[PDB]
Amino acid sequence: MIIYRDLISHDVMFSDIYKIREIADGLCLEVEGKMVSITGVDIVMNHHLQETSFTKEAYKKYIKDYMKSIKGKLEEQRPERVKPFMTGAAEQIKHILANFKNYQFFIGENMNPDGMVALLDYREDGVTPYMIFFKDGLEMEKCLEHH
C-alpha cells in the first residue's frame, strides 16, 4: 500500500485507504475523511496529526518559509516542479487567505513547525470532512510483504 509522508518532517500524513482527489491543476491532494467517535476525523486520529493554530499574519510568515523550503527540495529531486509549484502555491495562498476562517490546521506527529500544515474543511453538506495537502510537499512510500 501507499503511505504519504511530509517531505520535510518525515511524518506520515495519510495512506491510500482514503478517497484521494488531485485538485488545483495537480498542486494539491484532497483527502476525504470520516467523522468518527472520542469525536474527531479519522485521518487526524489514525495518523496522529496534531491540531495547531495561526493568526492570518503568522500563517503568511510560515507559508513563505514553507514555500522556499519545498522549492529547495524540488530543485534537487524534481526540478520540473519548481515553476508549477511556485505559481500554483502563490495562487493557492490567496484562496486560503480569502476563506481563512473556514480552515483548521494540522501538522504531523513530531510537530515540526517547518513541516506541512494540512487544511481541514467540510463539504457542501457541512458534515463531511476533507483535508488539503500540497502534492509537492509529499513523498510516497510503498509497503510490501517481507521475509
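All residue numbers are counted from 1 along the displayed sequence.
Unmodelled residues of the deposited sequence between neighbouring positions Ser37 and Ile38 number 10 or more. 48 to 56 and 88 to 96 differ in mean CA B-factor, and the higher of the two is recorded for 88 to 96. Of the two segments examined, 38 to 46 and 98 to 106, it is 38 to 46 that shows the higher average Cα temperature factor in the deposited entry.
Across the options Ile17, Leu138, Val12, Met131, the residue with the most elevated CA B-factor in the record is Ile17. In this PDB entry, the Cα temperature factor of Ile8 sits in the bottom third of its chain's modelled residues, the lowest group. Per the PDB record, residue ranking by Cα B-factor puts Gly26 in the highest third of the chain. Remark: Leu120 belongs to the middle third of its chain, ranked by C-alpha B-factor as recorded. Among all modelled residues in this chain, the alpha-carbon of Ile63 has a temperature factor (C-alpha) in the lowest third.
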